[PDB]
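No hydrogens, no waters, no symmetry mates; every other heavy atom, side chains included, goes into these values. Chain naming here is simple, since letters A, B, ... match the order of the sequence lines and numbering starts at 1 in each.
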Amino acid sequence: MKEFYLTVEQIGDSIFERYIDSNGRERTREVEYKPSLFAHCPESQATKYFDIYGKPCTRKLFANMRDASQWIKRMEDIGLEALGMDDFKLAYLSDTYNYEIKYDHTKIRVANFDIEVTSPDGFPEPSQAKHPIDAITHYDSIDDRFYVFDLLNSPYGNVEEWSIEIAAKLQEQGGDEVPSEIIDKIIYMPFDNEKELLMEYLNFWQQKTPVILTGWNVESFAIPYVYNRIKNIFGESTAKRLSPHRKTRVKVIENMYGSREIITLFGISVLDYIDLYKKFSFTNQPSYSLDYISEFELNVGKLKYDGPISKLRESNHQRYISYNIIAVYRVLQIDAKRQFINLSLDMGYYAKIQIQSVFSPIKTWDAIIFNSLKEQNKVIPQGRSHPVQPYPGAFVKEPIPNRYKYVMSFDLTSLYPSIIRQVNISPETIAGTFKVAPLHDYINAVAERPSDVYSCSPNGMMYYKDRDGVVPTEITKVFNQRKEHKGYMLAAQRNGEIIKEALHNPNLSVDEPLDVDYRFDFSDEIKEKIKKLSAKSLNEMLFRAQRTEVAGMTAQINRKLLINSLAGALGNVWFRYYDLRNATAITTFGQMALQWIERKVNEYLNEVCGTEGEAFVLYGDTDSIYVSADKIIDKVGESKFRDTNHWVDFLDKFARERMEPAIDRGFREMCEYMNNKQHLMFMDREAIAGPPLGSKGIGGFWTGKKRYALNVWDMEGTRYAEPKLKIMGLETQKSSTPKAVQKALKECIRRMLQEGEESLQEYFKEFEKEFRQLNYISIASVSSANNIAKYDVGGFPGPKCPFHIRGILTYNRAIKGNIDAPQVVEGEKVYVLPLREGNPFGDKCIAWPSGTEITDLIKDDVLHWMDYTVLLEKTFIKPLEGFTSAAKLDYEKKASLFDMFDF
DNA sequence: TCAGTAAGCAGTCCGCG
DNA sequence: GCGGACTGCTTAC
Ligand SMILES: Nc1ncnc2c1ncn2[C@H]1C[C@H](O)[C@@H](COP(=O)(O)OP(=O)(O)OP(=O)(O)O)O1
Ligand SMILES: [Ca+2]
Ligand SMILES: [Ca+2]
Ligand SMILES: [Ca+2]
Ligand SMILES: [Ca+2]
């Protein structure tokens with residue numbers, strides 16, 4: 001086995017490293033690492049070290065890390081650049097692991113845990129930790145066991161032991177339905193007192209010390225509560241045993257409107273799953289309670305209990321413990337699906353960083369670039385202080401609001417990273433500047449050619465063409481990884497549609513799902529066998545195909561995220577390679593490329609149609625264009641097509657054989673015009689959109705920038721079994737829109753696009769009539785809630801108070817005194833409902849924590865005073881009016897001359 | 001919410017004879 | 001009532 005690190009820390013003049021040795025065993029060492037840094041030197045001094053600009057450097061070896069940091073300070077005092085990696089543990093990792101790391105996850109101890117704390121006087125604050133810890137469940141990935149630490153005796157109640165037999169039973173048997181697959185993996189340990197529980201947990205922790213520590217809200221709650229509770233009972237030295245190096249630090253996390261404290265456990269990598277989910281899932285959720293997310297991700301029923309959580313242990317300890325175990329398992333199920341831990345390990349080891357730094361693309365890229373340059377004996381520049389400055393971004397075309405029947409879209413592959421590679425944009429490849437003409441002059445190819453020597457961007461920057469910069473070199477490696485995983489994702493998607501087709505004709509037989517790799521397109525043999533399978537086997541295969549697609553999606557989208565964040569990092573003042581000349585070089589080239597190709601596509605289609613000045617490109621955003629295909633369809637005539645799939649095939653062929661070669665020609669010319677290093681502007685067909693053949697559907701519509709809906713038959717080569725709505729920007733896509741309203745608006749859109757005006761009017765009329773029956777949660781609006789304190793004036797709204805904040809203040813007056821009542825947390829999300837005039841709450845709206853039922857203290861009065869009319873007009877009718885006006889249809893039947901006859 | 005720009009809509013405040 | 005200046009929040013890239 002090749003060795004690999006687990007964790008690394010700097011403590012004073014020592015590096016503390018946990019690692020897997022050449023034998024597969026976990027080991028720990030303390031190393032008195034001697035760091036090197038660099039200063040510029042005369043050319044007359046012989047050296048093998050050069051900075052990124054080719055200037056010679058001398059290496060300075062320090063006796064210890066504190067000497068190195070002190071030298072940095074003195075160099076600042078003098079006014080001279082101190083070069084090299086100033087994060088010494090990253091230098092250590094680079095020296096110790098000077099090869100591509102291959103890690104073995106089975107050797108990495110991944111721990112996920114959850115704690116329960118009974119509290120009669122509200123939320124148990126981790127900084128205080130004044131209440132006993134009465135349950136801990138800790139899952140260990142190496143043992144594959146759930147360790148349950150259960151407190152039987154508390155000042156808040158003495159209880160009986162948890163029963164595994166009752167836990168295993170159906171909820172309908174009075175059981176807790178702990179999944180059968182984990183029952184045999186539970187190791188249950190009851191305790192007669194809290195001191196005993198905590199002492200044993202720490203000894204356990206010592207034996208099975210987590211490398212990766214995760215769970216749900218562990219960084220903000222579980223870890224600081226456990227640390228502070230042990231501190232309060234035993235003293236700080238005992239609490240520090242949670243760190244394998246016995247070092248901890250209270251870290252203050254600053255935000256815009258306040259701050260919070262977490263505990264840094266040296267020698268542990270905390271990856272809170274809530275944070276992994278928020279950053280890598282590409283969702284925005286109305287609520288981030290584990291119950292809400294588990295329902296969303298896994299389609300598992302809410303964990304139900306009677307009464308408040310503060311009385312659960314006393315009333316039903318059996319269920320209390322079971323639900324603590326289930327909560328731990330749910331995080332493992334989410335990870336089995338989403339694979340964010342796998343993602344973190346992959347990226348972490350690739351970059352050679354602490355695993356927890358995967359949350360920071362700046363730290364990630366700093367390490368990738370440093371390791372890359374080190375291999376060439378090159379020396380990285382010092383980080384400098386820069387003032388924050390705004391800079392321009394992408395171009396977005398103003399569309400003419402309208403219905404659009406037939407649409408084909410085209411999109412540039414990994415645009416910003418492709419621009420970096422094409423132009424050769426890097427700190428060390430800057431060659432100079434040229435005199436800029438207005439952007440429209442480059443778009444229309446009338447400006448003089450920027451350079452005959454260097455590779456250019458329309459912002460005025462020129463770059464060397466003789467060799468690739470380190471940024472293009474390293475961004476390419478990650479792009480190639482992304483491409484591989486996207487390939488797997490798309491194959492699983494295509495395979496999924498094959499199964500969906502086969503499910504139209506399932507066989508009446510008893511059989512098994514096929515043993516296949518869903519990352520690769522199904523062969524003819526697999527397809528034949530699929531056509532003979534039962535619905536039960538097909539559905540299992542569909543589930544597996546969809547799980548493979550999700551795994552591919554995680555892997556690809558987050559590598560895309562990483563490479564796009566490098567382009568972004570060039571515009572962040574804390575990045576070592578911050579440079580607005582390079583950041584703007586990317587964004588400005590992107591603006592040009594889009595408007596250039598818009599002109600080229602318009603010119604090409606006007607030619608094939610024999611017209612002049614006709615606008616075929618109806619819309620574009622950053623790197624995509626949407627092309628009206630109405631004229632193309634009309635050139636053969638709708639009557640000539642056998643079915644929907646026939647015109648879809650026809651447009652697919654037109655895009656691939658006619659438009660893409662024309663687009664490629666346009667970009668090759670643009671590359672030559674800018675004298676770029678390498679043509680990498682690859683714009684491929686994305687969506688084919690239109691109404692069902694022979695229907696009154698409108699196909700698609702735009703209301704304005706970033707606001708449109710399309711009925712899509714084929715997306716990136718995936719031919720759907722059923723048409724899919726592609727809706728961007730509209731209220732159906734916003735987490736702030738009520739759940740039931742999202743659903744109804746989506747059905748309104750489906751009907752508009754697929755069925756037409758009459759169908760739309762039929763559905764609107766019904767929804768307007770029945771909506772008052774919808775559950776209050778399903779019709780509540782959602783909002784994040786920041787700066788609640790600023791707008792609180794004696795419990796009443798101050799000047800310019802936001803509507804959702806007003807609702808919170810209303811709530812806070814209505815629950816006044818009740819220390820048990822759920823408190824709205826600053827920066828979290830709330831449900832919001834409008835209230836009718838003259839209500840007992842004394843205001844026009846009320847808000848409460850999202851993902852929860854409103855407290856029974858005030859639930860009946862809210863339901864009685866809920867303003868359904870205002871709710872309907874604001875969340876449903878107003879957006880729908882927006883859609884229908886843009887698409888030139890009516891949601892209510894207009895009166896005609898036929899209303900004058902028989903009955 | 002510790003960890004790039006563009007741009008939409010809700011709502012406040014208040015003008016607009 | 002609509003719209004402009006503004007805050008707040010949320011998407012699309
Ligand atoms: N989350 C983001 N952070 C920073 N920049 C972004 C982000 N999303 C998009 N961009 C910028 C960089 C992208 O290259 C550009 C176009 O976005 P988009 O078309 O969604 O992805 P892409 O072109 O990078 O990859 P794809 O190959 O999937 O189309 O907009
Ligand atoms: Ca398990
Ligand atoms: Ca793209
Ligand atoms: Ca069949
Ligand atoms: Ca795009």
Problem set entry | Nearest-Å distance for atom pair CG/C1', residues A/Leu730 and B/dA7 | 14 Å
Seminar exercise, completed: From NZ of A/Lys878 across to P of B/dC9 the rounded distance in Å is 10 Å
For this session: Find which nucleotide of DNA chain B each of A/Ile262 and A/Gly798 is nearest to by heavy atoms, and output the residue with the more 5' nucleotide.
Result: A/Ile262
Seminar exercise, completed: Which of B/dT12, C/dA12, B/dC9 is nearest the side chain of A/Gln733? It is C/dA12
For this session: Mind checking A/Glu828 for me? I need base, sugar-phosphate or nothing, with any heavy atom below 4.0 Å counting as a touch.
Result: nothing
Exercise. When only distance counts, do a donor and an acceptor, one from the side chain of A/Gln356 and one from the base of B/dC2, lie under 3.5 Å apart?
Worked result: no
For this session: State which of B/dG8, B/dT12, B/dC2 makes the closest approach to the side chain of A/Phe803.
Result: B/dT12
Exercise. Under the 5.5 Å and 30° test, is A/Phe359 stacked on the base of B/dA3?
Worked result: yes
Exercise. With no angle test and no hydrogens, is the base of B/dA3 tied to the side chain of A/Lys279 by a donor-acceptor pair under 3.5 Å?
Worked result: yes
Problem set entry | Distance in Å, A/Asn558 CG paired with A/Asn564 CG, rounded so as to fall on 0.5 Å steps | 11.0 Å
For this session: With heavy atoms under 4.0 Å as the rule, sort A/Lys363 into base, sugar-phosphate or nothing.
Result: nothing
Problem set entry | Length of the line joining A/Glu881:CD and B/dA10:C1', which is rounded to integer Å | 15 Å
Exercise. Do A/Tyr277 and A/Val331 touch side chain to side chain, with heavy atoms closer than 4.5 Å?
Worked result: no
Exercise. Below 4.0 angstrom from OP1 or OP2 of C/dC9, is there any side-chain N or O of A/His804?
Worked result: yes
For this session: Please report the shortest heavy-atom distance between A/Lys746 and A/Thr732, naming the atom on each side.
Result: N-CG2, 3.4 Å
Problem set entry | For A/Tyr225, all residues meeting ring-ring contact (aromatic ring centres under 6.0 Å, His included), sequence neighbours excluded | A/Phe221
Exercise. Distance check: side-chain N/O of A/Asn284 vs OP1/OP2 of C/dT10, anything under 4.0 Å?
Worked result: no
For this session: Give the minimum heavy-atom separation between A/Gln591 and A/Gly393, together with the two atoms involved.
Result: NE2-O, 2.8 Å
For this session: For C/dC9, take OP1 and OP2 only and decide whether either is under 4.0 Å from a side-chain N or O of A/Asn786.
Result: yes
Exercise. Touch check for A/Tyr416, heavy atoms < 4.0 angstrom, all strands: base, sugar-phosphate only, or nothing?
Worked result: nothing
Exercise. Looking at five pairs on each end of the helix from B/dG4-C/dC13 to B/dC16-C/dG1, what is the angle between the two axes, given to 10 degrees?
Worked result: 30°
Problem set entry | Torsion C1'-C2'-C3'-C4' of C/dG8, interpreted as north if positive, south if negative | south
Exercise. Shortest non-hydrogen contact from A/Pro472 to A/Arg421?
Worked result: O-CG, 4.1 Å
Problem set entry | Salt-bridge criterion met for A/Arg559 and A/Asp346 (N-O under 4.0 Å) | yes
Exercise. So does A/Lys706 get a side-chain nitrogen or oxygen closer than 4.0 Å to the phosphate oxygens (OP1/OP2) of B/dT5?
Worked result: no
Exercise. Which nucleotide, B/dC9, B/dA6, B/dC2, lies nearest any side-chain atom of A/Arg707?
Worked result: B/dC9
Problem set entry | Proximity to the side chain of A/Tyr257 - top-ranked nucleotide from B/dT5, B/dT12, C/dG8 | C/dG8
For this session: Could you check how far CD1 of A/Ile425 sits from P of B/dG4, rounded to whole Å?
Result: 18 Å
Seminar exercise, completed: Going by torsion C1'-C2'-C3'-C4' being positive (north) or negative (south), C/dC6 has its sugar north
For this session: For A/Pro879, answer base if it contacts any base atom (sugar-phosphate contacts may also be present), sugar-phosphate if it contacts only those atoms, and nothing otherwise; contact means non-hydrogen atoms under 4.0 Å.
Result: nothing
Problem set entry | Spacing of the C1' atoms in B/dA3 and C/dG8 (rounded, Å) | 22 Å
Problem set entry | Touch class at under 4.0 angstrom, heavy-atom based, for A/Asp275 against every strand present | base
Exercise. Where is the tightest heavy-atom contact between A/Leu412 and A/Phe667, given as atom of each residue plus distance?
Worked result: CD2-CE1, 3.6 Å
For this session: Answer with base, sugar-phosphate or nothing: what part of the nucleic acid does A/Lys397 contact at a heavy-atom distance below 4.0 Å?
Result: nothing
Exercise. Would you say A/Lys734 reaches B/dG8's phosphate, i.e. side-chain N/O to OP1/OP2 under 4.0 Å?
Worked result: no
For this session: Give a yes or no on whether the ring-centroid distance for A/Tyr708 and A/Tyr626 is below 6.0 angstrom.
Result: yes
Problem set entry | Residue-phosphate contact under 4.0 Å: A/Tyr791 side-chain N/O, B/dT12 OP1/OP2 | no
Exercise. So what does A/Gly729 touch, heavy atoms closer than 4.0 Å: a base, only the sugar-phosphate, or nothing?
Worked result: sugar-phosphate
For this session: Tell me which nucleotide among B/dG11, B/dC13, C/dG8 gets nearest to the side chain of A/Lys800.
Result: B/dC13
For this session: Taking only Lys NZ, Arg NE, NH1 and NH2, and the carboxylate oxygens of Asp or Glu, determine whether A/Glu261 and A/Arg249 approach each other closer than 4.0 Å.
Result: no
For this session: Have a look at A/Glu219 and say if it touches a base, only the backbone sugar-phosphate, or nothing, with a 4.0 Å heavy-atom cut-off.
Result: base
Exercise. Does the side chain of A/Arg260 get closer than 4.0 angstrom to OP1 or OP2 of B/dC2 through an N or O atom?
Worked result: yes
Exercise. For the pair made of CZ in A/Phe280 and P in B/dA3, what is the distance, rounded to whole Å?
Worked result: 13 Å
For this session: Take atom OH of A/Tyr619 and atom P of B/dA6, then tell me their distance rounded to the nearest Å.
Result: 14 Å
Seminar exercise, completed: Whichever of A/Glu398 and A/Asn255 has the more 5' nearest nucleotide on DNA chain B, that residue is A/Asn255
Exercise. Atom CD of A/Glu686 and atom P of C/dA12: how far apart are they, to the nearest Å?
Worked result: 13 Å
Exercise. How is A/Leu415 classified with respect to the nucleic acid when contacts are heavy atoms under 4.0 Å: base, sugar-phosphate, or nothing?
Worked result: nothing
Problem set entry | Nearest to side-chain heavy atoms of A/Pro802, which nucleotide of B/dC9, C/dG8, C/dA12 | C/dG8
Problem set entry | B/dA7 OP1/OP2 closer than 4.0 Å to side-chain N/O of A/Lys705 | yes
For this session: Would you indicate what A/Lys278 reaches in the nucleic acid, counting non-hydrogen atoms under 4.0 angstrom: base, sugar-phosphate, or nothing?
Result: nothing
For this session: Assign A/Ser784 to base, sugar-phosphate, or nothing according to its heavy-atom contacts below 4.0 angstrom with the strands shown.
Result: base
Exercise. In whole angstroms, how far is the P atom of C/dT11 from the CD atom of A/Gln742?
Worked result: 9 Å
For this session: Flag the pair A/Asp86 and A/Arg576 as a salt bridge only when some basic side-chain nitrogen lies within less than 4.0 angstrom of an acidic carboxylate oxygen.
Result: yes
For this session: With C1'-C2'-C3'-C4' as the criterion (positive north, negative south), name the sugar pucker of B/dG4.
Result: north
Exercise. Contact class for A/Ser735 vs. all strands (heavy atom < 4.0 Å): base, sugar-phosphate, or nothing?
Worked result: sugar-phosphate
